[PDB]
Amino acid sequence: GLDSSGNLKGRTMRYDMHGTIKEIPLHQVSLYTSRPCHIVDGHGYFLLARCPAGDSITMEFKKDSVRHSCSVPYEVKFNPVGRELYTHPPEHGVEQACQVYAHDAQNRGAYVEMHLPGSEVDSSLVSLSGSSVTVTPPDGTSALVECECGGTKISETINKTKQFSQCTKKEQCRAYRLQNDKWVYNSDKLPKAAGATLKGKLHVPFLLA
Amino acid sequence: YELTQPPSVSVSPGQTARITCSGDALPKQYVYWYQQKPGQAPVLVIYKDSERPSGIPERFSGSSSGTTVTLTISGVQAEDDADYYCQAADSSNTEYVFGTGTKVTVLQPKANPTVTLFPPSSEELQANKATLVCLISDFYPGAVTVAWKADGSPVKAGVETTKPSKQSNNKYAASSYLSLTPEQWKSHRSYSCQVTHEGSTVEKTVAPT
Amino acid sequence: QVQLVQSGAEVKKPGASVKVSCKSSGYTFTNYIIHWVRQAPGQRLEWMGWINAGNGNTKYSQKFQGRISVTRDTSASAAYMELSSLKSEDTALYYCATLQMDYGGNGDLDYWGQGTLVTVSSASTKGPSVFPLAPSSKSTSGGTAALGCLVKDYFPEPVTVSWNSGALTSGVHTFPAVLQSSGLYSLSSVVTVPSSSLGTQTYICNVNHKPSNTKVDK
């Protein structure tokens, strides 16, 4: 629904690549089941498409270098309307009442939760400068460094660069990026931040109508 | 690349004092503040630009604004006098550099010069014809190395001898030297006087010969 | 507890290498870095180099090349700094700096050495000051002092409390490059000039002033 900067861009998918927010036109990303699907629209975390019946669903988009895919084993089912079991909607017939995922992003009753994200470990920050570990946080971003060499290091408030000469191996230090500013969905594939994390509600678009 | 720090600062007791430190790439590195007592090794007072190690009074604090790093002391008192150095790595970060150093001082204490030196240039040293050039005050507030003895003639800097300033036990900033000159000239001169115009104070002692 | 102690004071003529040794112990010395730094008397500190124990690699200062070398031995856990082609201005205070109590890695140097400031300390002193007649004025030019002495900071003063007050201790200017160790203690009185107590001589064999004969005798 809109791009990495945060301003409304018509049909564009926005994703996260290793901490950097990137964008790609929505016609460049394809998904499919047993047969190819057609994206109808997208809004926030949600996407509305026409899909045929399949035992799984994959999403693919190709960058200028590499191809990103993701297949999940969620059955997609095609539910005919009435007492004639078709597999593709007919060209002509009679009108019957049905419930379909509407193509509107307006705020109906449904909601999900947006929570405070947990710290995401990044091993690219840690380097070996002079036979000693060096943490170089990204431009204008904190990075909590935890190390278990001689003397435990819990050094949080570093913003520019630090050298922990106590630890001589990169494998015994962990640098966690801190964001604490933009609230992520309460997903189960992300670590949970400490303390109370519920920060708001996101309306669910494309509800059944 | 060098860190620009003022030679000294003047602050009265009971009020905050600021020390500034500057560097071209400075907002990219961390500065550390060191306190050097008279005749003592420097002691770190502020690390990581904001915190102080255990045993350091809370009055010291550090702030960073891009190029300018400010060391602030709240409620300056007697023993806070010392040399303050900001040190940090170079742009390549391989080599470390230090600041020029600020001599934080208090104007009120040891204000009375109370000069008591009495170089006679007497006949005792006239046997070898070499007599003390001038009477250098043991203690003096802000002593200036200016001395031109006037032994029965216009004040000349060859009659007197001056020395680099020191710090007295009373804490007045002054140094003491017997000095050297020719005894014959003193005997030939009708009067023997020493002009000690220094520190915004000019006075002459007795002129007996 | 971090303790590093370095070599004692050593004074040497310009034009040859000086070797100062600082040994560090009392803490985990697997990878910690120890910094050699030279500070001019009353001037800014000038970082010289840094030495890593395990690595044994040192980045020299941008201003000094070749004439500075690094020596280190694990047996004594000590670092040896040699500085060849020494000049008159190169004679200055020396420091070995290292982390003491840890909240990070490098850039946090909390413990330092005592220092190795050096000056002429050859055993020399003087006896009586002068034996001429006293002057008319109520002051004494001659007092407990040493002339031509090379003893490092030889403080000459009368053994008794008399004649100590009102005396300005002459500093070792060394204007002609002579050690010029001094320490004049004028009686500052005509009466005290005729009868002045003997002046103690510090000498260079040991610290403090042992009794010696030095009187105004005016």
# chains A, B, ... in the order shown; residues from 1 in each chain; ligands from 1
$ interface_residues --of "chain B" --to "chain A" --cutoff "12 Å" --atoms "only C-alpha atoms" --output "ChimeraX atom specification"
/B:25-31,47-51,64,66,88-89,91-94
$ write_last_selection --atoms "C-alpha atoms" --output "PDB file, in the first residue's frame"
ATOM      1  CA  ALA B  25      35.550  13.471  12.789  1.00  0.00           C
ATOM      2  CA  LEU B  26      34.810  13.618  16.514  1.00  0.00           C
ATOM      3  CA  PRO B  27      31.065  12.691  16.361  1.00  0.00           C
ATOM      4  CA  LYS B  28      32.192   9.312  14.963  1.00  0.00           C
ATOM      5  CA  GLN B  29      34.398   8.308  17.928  1.00  0.00           C
ATOM      6  CA  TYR B  30      34.192   8.261  21.720  1.00  0.00           C
ATOM      7  CA  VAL B  31      36.126  10.749  23.853  1.00  0.00           C
ATOM      8  CA  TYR B  47      34.051   7.480  29.863  1.00  0.00           C
ATOM      9  CA  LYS B  48      31.672   6.813  26.954  1.00  0.00           C
ATOM     10  CA  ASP B  49      30.840  10.541  26.866  1.00  0.00           C
ATOM     11  CA  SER B  50      28.100  10.380  29.515  1.00  0.00           C
ATOM     12  CA  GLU B  51      28.968   8.151  32.492  1.00  0.00           C
ATOM     13  CA  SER B  64      28.360  15.481  23.064  1.00  0.00           C
ATOM     14  CA  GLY B  66      28.540  16.699  16.983  1.00  0.00           C
ATOM     15  CA  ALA B  88      40.105   9.926  21.366  1.00  0.00           C
ATOM     16  CA  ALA B  89      41.213   7.881  18.387  1.00  0.00           C
ATOM     17  CA  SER B  91      39.995   9.038  11.854  1.00  0.00           C
ATOM     18  CA  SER B  92      41.755   5.756  11.065  1.00  0.00           C
ATOM     19  CA  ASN B  93      41.150   4.799  14.749  1.00  0.00           C
ATOM     20  CA  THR B  94      44.561   3.075  14.874  1.00  0.00           C
TER      21      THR B  94
END
$ closest_atom_pairs --of "chain C" --to "chain B" --cutoff "9 Å" --atoms "only C-alpha atoms" --output "CSV"
residue,atom,partner,partner_atom,distance
C:43,CA,B:100,CA,7.7
C:44,CA,B:100,CA,5.2
C:45,CA,B:98,CA,6.3
C:46,CA,B:98,CA,6.8
C:47,CA,B:97,CA,6.2
C:48,CA,B:96,CA,8.7
C:49,CA,B:95,CA,7.9
C:50,CA,B:95,CA,8.7
C:59,CA,B:94,CA,7.1
C:60,CA,B:95,CA,7.8
C:61,CA,B:95,CA,6.6
C:62,CA,B:95,CA,7.9
C:95,CA,B:41,CA,7.9
C:101,CA,B:53,CA,8.6
C:103,CA,B:53,CA,8.5
C:107,CA,B:32,CA,7.3
C:108,CA,B:47,CA,6.9
C:109,CA,B:44,CA,7.3
C:110,CA,B:44,CA,5.7
C:111,CA,B:43,CA,7.4
C:112,CA,B:41,CA,6.3
C:113,CA,B:41,CA,7.0
C:114,CA,B:41,CA,6.6
C:115,CA,B:41,CA,7.6
C:129,CA,B:125,CA,8.3
C:130,CA,B:124,CA,5.8
C:131,CA,B:124,CA,6.4
C:132,CA,B:124,CA,4.6
C:133,CA,B:124,CA,6.2
C:134,CA,B:123,CA,6.3
C:135,CA,B:122,CA,5.5
C:136,CA,B:209,CA,7.6
C:137,CA,B:208,CA,6.8
C:138,CA,B:120,CA,8.2
C:139,CA,B:120,CA,5.3
C:140,CA,B:120,CA,5.3
C:141,CA,B:120,CA,4.5
C:142,CA,B:124,CA,6.1
C:165,CA,B:116,CA,8.6
C:166,CA,B:116,CA,5.3
C:167,CA,B:117,CA,5.6
C:168,CA,B:176,CA,5.0
C:169,CA,B:176,CA,5.5
C:170,CA,B:177,CA,3.7
C:171,CA,B:177,CA,5.6
C:172,CA,B:177,CA,8.7
C:173,CA,B:163,CA,7.5
C:183,CA,B:177,CA,8.3
C:184,CA,B:178,CA,6.3
C:185,CA,B:178,CA,8.5
C:186,CA,B:119,CA,7.3
C:187,CA,B:118,CA,8.4
C:188,CA,B:118,CA,5.2
C:189,CA,B:118,CA,8.3
C:216,CA,B:124,CA,7.6
C:217,CA,B:124,CA,8.1
C:218,CA,B:124,CA,6.2
$ closest_atom_pairs --of "chain A" --to "chain C" --cutoff "7 Å" --atoms "only C-alpha atoms" --output "CSV"
residue,atom,partner,partner_atom,distance
A:153,CA,C:104,CA,6.9
A:163,CA,C:105,CA,5.5
A:164,CA,C:105,CA,3.6
A:165,CA,C:105,CA,4.5
A:166,CA,C:105,CA,5.6
A:168,CA,C:31,CA,6.9
$ select_by_dssp --residues "region 101-209 of chain B" --states "helix (DSSP H, G or I)" --output "NGL selection string"
:B and (125-127 or 183-188)
$ residues_around --residues "region 3-14 of chain A" --least-positions-apart "5" --cutoff "8 Å" --atoms "only C-alpha atoms" --output "list in words"
residues 21, 22, 23, 24, 25, 26, 27, 41 and 42 of chain A
$ write_last_selection --atoms "N, CA, C and O atoms" --output "compact mmCIF listing (two decimals), in the first residue's frame"
# COMPACT_ATOMS: atom_id res chain seq x y z
N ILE A 21 14.82 -1.29 5.03
CA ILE A 21 13.49 -1.40 4.43
C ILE A 21 13.60 -1.11 2.94
O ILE A 21 14.12 -0.07 2.53
N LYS A 22 13.10 -2.03 2.12
CA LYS A 22 13.14 -1.90 0.67
C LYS A 22 11.73 -2.04 0.12
O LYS A 22 10.80 -2.46 0.81
N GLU A 23 11.57 -1.68 -1.16
CA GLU A 23 10.27 -1.68 -1.80
C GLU A 23 10.38 -2.24 -3.21
O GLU A 23 11.46 -2.25 -3.81
N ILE A 24 9.25 -2.70 -3.73
CA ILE A 24 9.19 -3.29 -5.07
C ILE A 24 7.76 -3.16 -5.59
O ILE A 24 6.81 -3.36 -4.83
N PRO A 25 7.56 -2.80 -6.86
CA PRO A 25 6.18 -2.68 -7.37
C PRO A 25 5.42 -4.00 -7.25
O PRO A 25 5.99 -5.08 -7.41
N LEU A 26 4.13 -3.89 -6.95
CA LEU A 26 3.32 -5.06 -6.65
C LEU A 26 3.14 -5.99 -7.84
O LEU A 26 2.84 -7.17 -7.65
N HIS A 27 3.32 -5.48 -9.06
CA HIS A 27 3.23 -6.35 -10.23
C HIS A 27 4.49 -7.19 -10.42
O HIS A 27 4.49 -8.10 -11.25
N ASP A 41 -5.20 -6.89 -4.55
CA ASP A 41 -4.75 -5.67 -3.90
C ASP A 41 -3.92 -6.04 -2.67
O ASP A 41 -3.76 -7.21 -2.34
N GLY A 42 -3.40 -5.02 -2.00
CA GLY A 42 -2.68 -5.21 -0.76
C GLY A 42 -2.89 -4.02 0.15
O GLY A 42 -3.11 -2.90 -0.31
$ atom_distance --atom1 "CA of residue 154 (chain C)" --atom2 "CA of residue 120 (chain C)"
10.6 Å
$ residues_around --residues "region 183-196 of chain A" --least-positions-apart "6" --cutoff "10 Å" --atoms "only C-alpha atoms" --output "PyMOL selection string"
chain A and resi 45+112-120+202
$ write_last_selection --atoms "N, CA and C atoms" --output "compact mmCIF listing (two decimals), in the first residue's frame"
# COMPACT_ATOMS: atom_id res chain seq x y z
N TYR A 45 -0.21 -5.48 6.28
CA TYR A 45 0.34 -6.83 6.26
C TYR A 45 -0.46 -7.78 5.38
N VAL A 112 -6.01 -6.69 14.72
CA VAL A 112 -4.87 -7.44 15.22
C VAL A 112 -4.04 -6.49 16.06
N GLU A 113 -3.00 -7.01 16.69
CA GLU A 113 -2.19 -6.24 17.62
C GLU A 113 -0.83 -5.90 17.02
N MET A 114 -0.39 -4.66 17.22
CA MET A 114 0.98 -4.26 16.93
C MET A 114 1.71 -4.07 18.25
N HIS A 115 2.87 -4.71 18.37
CA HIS A 115 3.63 -4.82 19.60
C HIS A 115 5.01 -4.21 19.42
N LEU A 116 5.69 -4.01 20.54
CA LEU A 116 7.06 -3.50 20.50
C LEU A 116 8.00 -4.61 20.07
N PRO A 117 8.78 -4.43 19.00
CA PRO A 117 9.64 -5.51 18.52
C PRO A 117 10.77 -5.83 19.48
N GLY A 118 11.21 -7.09 19.44
CA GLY A 118 12.38 -7.48 20.18
C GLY A 118 13.66 -7.20 19.42
N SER A 119 14.77 -7.16 20.15
CA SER A 119 16.06 -6.88 19.54
C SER A 119 16.46 -8.00 18.60
N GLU A 120 16.94 -7.63 17.42
CA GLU A 120 17.32 -8.58 16.38
C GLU A 120 18.83 -8.65 16.31
N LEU A 202 -4.18 -2.84 14.69
CA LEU A 202 -4.19 -2.68 13.24
C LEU A 202 -5.49 -3.27 12.71
$ residues_around --residues "residue 159 (chain C)" --least-positions-apart "6" --cutoff "8 Å" --atoms "only C-alpha atoms" --output "list in words"
residues 197, 198, 199, 200 and 211 of chain C
$ atom_distance --atom1 "CA of residue 207 (chain A)" --atom2 "CA of residue 54 (chain A)"
21.5 Å
$ select_by_dssp --residues "region 87-201 of chain B" --states "strand (DSSP E or B)" --output "ChimeraX atom specification"
/B:87-89,96-99,102-105,130-131,148-150,181-182,193-195
$ write_last_selection --atoms "C-alpha atoms" --output "compact mmCIF listing (two decimals), in the first residue's frame"
# COMPACT_ATOMS: atom_id res chain seq x y z
CA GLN B 87 41.43 11.92 24.31
CA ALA B 88 40.10 9.93 21.37
CA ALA B 89 41.21 7.88 18.39
CA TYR B 96 45.07 7.82 19.74
CA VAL B 97 45.46 11.54 20.44
CA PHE B 98 44.99 13.75 23.49
CA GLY B 99 43.73 17.27 24.08
CA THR B 102 42.50 22.75 30.68
CA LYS B 103 43.88 24.02 33.99
CA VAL B 104 40.72 24.55 36.03
CA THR B 105 41.51 27.11 38.76
CA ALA B 130 79.12 37.93 42.87
CA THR B 131 75.92 38.91 44.80
CA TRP B 148 64.24 44.96 36.94
CA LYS B 149 66.33 46.04 39.92
CA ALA B 150 67.29 49.73 40.03
CA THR B 181 74.69 39.63 39.60
CA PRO B 182 77.93 41.64 40.19
CA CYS B 193 66.99 49.21 45.25
CA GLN B 194 65.01 46.45 43.53
CA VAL B 195 61.91 47.25 41.48
$ residues_around --residues "residue 77 (chain C)" --least-positions-apart "5" --cutoff "12 Å" --atoms "only C-alpha atoms" --output "CSV table (one decimal) with N, CA, C and O atoms, in the first residue's frame"
chain,number,residue,atom,x,y,z
C,3,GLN,N,48.1,-4.0,38.7
C,3,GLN,CA,49.3,-3.3,39.1
C,3,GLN,C,50.3,-3.4,38.0
C,3,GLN,O,50.7,-4.5,37.7
C,4,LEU,N,50.7,-2.2,37.5
C,4,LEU,CA,51.9,-2.2,36.7
C,4,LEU,C,52.9,-1.2,37.3
C,4,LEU,O,52.5,-0.1,37.7
C,5,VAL,N,54.2,-1.6,37.4
C,5,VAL,CA,55.2,-0.8,38.0
C,5,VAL,C,56.4,-0.8,37.0
C,5,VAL,O,56.7,-1.8,36.3
C,6,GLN,N,56.9,0.4,36.8
C,6,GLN,CA,58.0,0.6,35.8
C,6,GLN,C,59.3,0.8,36.4
C,6,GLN,O,59.5,0.9,37.6
C,21,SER,N,61.3,0.1,31.2
C,21,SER,CA,60.6,-1.2,31.4
C,21,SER,C,59.4,-1.0,32.3
C,21,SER,O,59.6,-0.6,33.5
C,22,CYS,N,58.2,-1.4,31.9
C,22,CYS,CA,57.1,-1.4,32.8
C,22,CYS,C,56.4,-2.8,32.8
C,22,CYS,O,56.1,-3.3,31.7
C,23,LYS,N,56.3,-3.4,33.9
C,23,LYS,CA,55.7,-4.7,34.1
C,23,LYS,C,54.3,-4.7,34.7
C,23,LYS,O,54.1,-3.9,35.6
C,24,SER,N,53.4,-5.4,34.1
C,24,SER,CA,52.0,-5.4,34.4
C,24,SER,C,51.5,-6.8,34.9
C,24,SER,O,51.9,-7.7,34.2
C,25,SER,N,50.8,-6.8,36.0
C,25,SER,CA,50.3,-8.1,36.5
C,25,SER,C,49.1,-7.8,37.4
C,25,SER,O,48.8,-6.6,37.7
C,26,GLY,N,48.5,-8.9,37.9
C,26,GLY,CA,47.4,-8.8,38.8
C,26,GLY,C,46.0,-8.9,38.1
C,26,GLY,O,45.0,-8.8,38.8
C,27,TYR,N,46.0,-9.1,36.8
C,27,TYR,CA,44.8,-9.2,36.0
C,27,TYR,C,45.0,-10.1,34.8
C,27,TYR,O,46.1,-10.4,34.4
C,28,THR,N,43.9,-10.5,34.2
C,28,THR,CA,43.9,-11.4,33.1
C,28,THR,C,44.6,-10.7,31.9
C,28,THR,O,44.1,-9.7,31.3
C,29,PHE,N,45.8,-11.1,31.5
C,29,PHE,CA,46.6,-10.5,30.5
C,29,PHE,C,46.7,-11.3,29.2
C,29,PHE,O,47.7,-11.3,28.6
C,30,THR,N,45.6,-11.9,28.8
C,30,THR,CA,45.5,-12.6,27.6
C,30,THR,C,45.6,-11.7,26.4
C,30,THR,O,46.3,-12.0,25.4
C,32,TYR,N,44.8,-7.9,26.8
C,32,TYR,CA,44.7,-6.5,27.1
C,32,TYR,C,45.9,-5.8,26.6
C,32,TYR,O,47.0,-6.3,26.4
C,34,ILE,N,48.5,-2.4,26.5
C,34,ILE,CA,49.2,-1.5,27.4
C,34,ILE,C,49.9,-0.4,26.5
C,34,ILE,O,50.5,-0.7,25.5
C,51,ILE,N,50.7,-1.8,22.9
C,51,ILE,CA,51.3,-3.2,22.8
C,51,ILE,C,50.2,-4.2,23.3
C,51,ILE,O,49.6,-4.0,24.4
C,52,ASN,N,50.0,-5.2,22.5
C,52,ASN,CA,49.1,-6.3,22.9
C,52,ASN,C,49.9,-7.5,23.3
C,52,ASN,O,50.9,-7.8,22.7
C,53,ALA,N,49.5,-8.1,24.4
C,53,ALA,CA,50.2,-9.3,25.0
C,53,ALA,C,50.3,-10.4,24.0
C,53,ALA,O,51.4,-10.8,23.6
C,54,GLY,N,49.2,-11.0,23.7
C,54,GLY,CA,49.2,-12.2,22.8
C,54,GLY,C,49.6,-11.8,21.4
C,54,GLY,O,50.4,-12.6,20.8
C,56,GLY,N,51.4,-9.2,20.3
C,56,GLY,CA,52.7,-8.7,20.1
C,56,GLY,C,52.9,-7.8,18.9
C,56,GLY,O,54.0,-7.8,18.3
C,71,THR,N,59.7,-4.0,22.8
C,71,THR,CA,60.3,-5.2,23.3
C,71,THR,C,59.4,-5.7,24.4
C,71,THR,O,59.0,-4.9,25.3
C,72,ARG,N,59.0,-7.0,24.4
C,72,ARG,CA,58.1,-7.6,25.4
C,72,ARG,C,58.5,-9.0,25.7
C,72,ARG,O,58.9,-9.7,24.8
$ atom_distance --atom1 "CA of residue 186 (chain B)" --atom2 "CA of residue 159 (chain B)"
9.4 Å
$ residues_around --residues "residue 203 (chain C)" --least-positions-apart "3" --cutoff "12 Å" --atoms "only C-alpha atoms" --output "PyMOL selection string"
chain C and resi 120-127+145-156+181-183+200+206-212
$ write_last_selection --atoms "N, CA, C and O atoms" --output "CSV table (one decimal), in the first residue's frame"
chain,number,residue,atom,x,y,z
C,120,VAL,N,69.7,15.8,36.5
C,120,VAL,CA,71.1,15.5,37.0
C,120,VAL,C,71.0,15.1,38.5
C,120,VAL,O,70.4,15.8,39.2
C,121,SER,N,71.7,14.0,38.8
C,121,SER,CA,71.7,13.5,40.2
C,121,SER,C,73.1,13.0,40.6
C,121,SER,O,73.2,12.0,41.3
C,122,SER,N,74.1,13.7,40.2
C,122,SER,CA,75.5,13.3,40.6
C,122,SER,C,75.8,13.9,42.0
C,122,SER,O,75.3,14.9,42.4
C,123,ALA,N,76.5,13.1,42.8
C,123,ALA,CA,76.8,13.4,44.2
C,123,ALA,C,77.7,14.7,44.3
C,123,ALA,O,78.9,14.6,44.0
C,124,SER,N,77.1,15.8,44.6
C,124,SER,CA,77.8,17.1,44.8
C,124,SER,C,77.1,18.0,45.7
C,124,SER,O,75.9,17.9,45.9
C,125,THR,N,77.8,18.8,46.4
C,125,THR,CA,77.3,19.7,47.4
C,125,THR,C,78.4,20.8,47.7
C,125,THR,O,79.4,20.8,47.0
C,126,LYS,N,78.1,21.6,48.7
C,126,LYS,CA,79.1,22.7,49.1
C,126,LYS,C,79.0,22.8,50.6
C,126,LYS,O,78.0,22.4,51.3
C,127,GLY,N,80.0,23.4,51.2
C,127,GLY,CA,80.1,23.6,52.6
C,127,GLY,C,79.8,25.0,53.0
C,127,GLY,O,78.6,25.5,52.8
C,145,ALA,N,73.5,27.1,51.4
C,145,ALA,CA,73.3,26.9,50.0
C,145,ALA,C,74.4,26.0,49.4
C,145,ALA,O,75.5,25.9,50.1
C,146,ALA,N,74.2,25.4,48.3
C,146,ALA,CA,75.2,24.6,47.6
C,146,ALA,C,75.5,25.2,46.3
C,146,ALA,O,74.6,25.5,45.5
C,147,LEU,N,76.8,25.3,45.9
C,147,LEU,CA,77.0,25.9,44.6
C,147,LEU,C,77.9,25.0,43.7
C,147,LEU,O,78.9,24.5,44.2
C,148,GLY,N,77.4,24.7,42.5
C,148,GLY,CA,78.1,23.8,41.6
C,148,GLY,C,77.6,22.4,41.8
C,148,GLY,O,78.1,21.4,41.2
C,149,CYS,N,76.7,22.2,42.8
C,149,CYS,CA,76.1,20.9,43.1
C,149,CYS,C,75.3,20.3,42.0
C,149,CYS,O,74.7,21.1,41.2
C,150,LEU,N,75.4,19.0,41.8
C,150,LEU,CA,74.6,18.4,40.7
C,150,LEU,C,73.5,17.5,41.3
C,150,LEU,O,72.8,16.8,40.6
C,151,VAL,N,73.4,17.4,42.7
C,151,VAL,CA,72.4,16.5,43.3
C,151,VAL,C,71.0,16.9,43.0
C,151,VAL,O,70.6,18.0,43.1
C,152,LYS,N,70.2,15.9,42.5
C,152,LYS,CA,68.9,16.2,42.1
C,152,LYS,C,68.0,16.8,43.2
C,152,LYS,O,67.8,16.1,44.2
C,153,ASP,N,67.6,18.0,43.0
C,153,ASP,CA,66.8,18.7,44.0
C,153,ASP,C,67.5,18.7,45.4
C,153,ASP,O,66.8,18.4,46.4
C,154,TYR,N,68.8,19.1,45.5
C,154,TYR,CA,69.5,19.2,46.7
C,154,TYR,C,68.9,20.4,47.5
C,154,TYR,O,69.3,21.5,47.2
C,155,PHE,N,68.1,20.1,48.5
C,155,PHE,CA,67.5,21.2,49.3
C,155,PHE,C,68.5,21.6,50.5
C,155,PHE,O,68.5,20.9,51.5
C,156,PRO,N,69.2,22.7,50.3
C,156,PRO,CA,70.1,23.1,51.4
C,156,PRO,C,69.4,24.1,52.3
C,156,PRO,O,68.7,25.1,51.9
C,181,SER,N,72.4,22.7,40.8
C,181,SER,CA,71.5,22.4,41.9
C,181,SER,C,71.8,23.5,43.0
C,181,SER,O,73.0,23.7,43.3
C,182,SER,N,70.7,24.1,43.5
C,182,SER,CA,71.0,25.2,44.5
C,182,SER,C,70.2,25.0,45.8
C,182,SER,O,70.5,24.0,46.4
C,183,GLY,N,69.3,25.9,46.1
C,183,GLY,CA,68.5,25.8,47.3
C,183,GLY,C,68.9,26.8,48.4
C,183,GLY,O,69.1,26.5,49.5
C,200,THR,N,72.2,21.9,56.4
C,200,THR,CA,72.2,20.5,56.0
C,200,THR,C,72.4,20.4,54.5
C,200,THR,O,71.9,21.3,53.7
C,206,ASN,N,71.5,9.7,48.8
C,206,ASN,CA,70.1,9.4,49.3
C,206,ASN,C,69.3,10.6,49.4
C,206,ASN,O,69.8,11.7,49.4
C,207,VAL,N,68.0,10.4,49.6
C,207,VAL,CA,67.1,11.5,49.7
C,207,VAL,C,67.3,12.2,51.1
C,207,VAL,O,68.0,11.6,52.0
C,208,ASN,N,66.7,13.3,51.3
C,208,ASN,CA,66.7,14.1,52.6
C,208,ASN,C,68.0,14.7,52.8
C,208,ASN,O,69.0,14.3,52.2
C,209,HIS,N,68.1,15.7,53.7
C,209,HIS,CA,69.3,16.5,53.9
C,209,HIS,C,69.9,16.1,55.2
C,209,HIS,O,69.3,16.2,56.3
C,210,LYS,N,71.1,15.5,55.1
C,210,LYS,CA,71.9,15.2,56.3
C,210,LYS,C,72.7,16.4,56.8
C,210,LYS,O,72.9,17.3,56.0
C,211,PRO,N,73.0,16.4,58.1
C,211,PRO,CA,73.7,17.6,58.6
C,211,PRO,C,75.0,17.9,57.9
C,211,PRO,O,75.8,17.0,57.5
C,212,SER,N,75.3,19.2,57.7
C,212,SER,CA,76.5,19.7,57.1
C,212,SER,C,76.8,21.1,57.6
C,212,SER,O,75.9,21.7,58.1
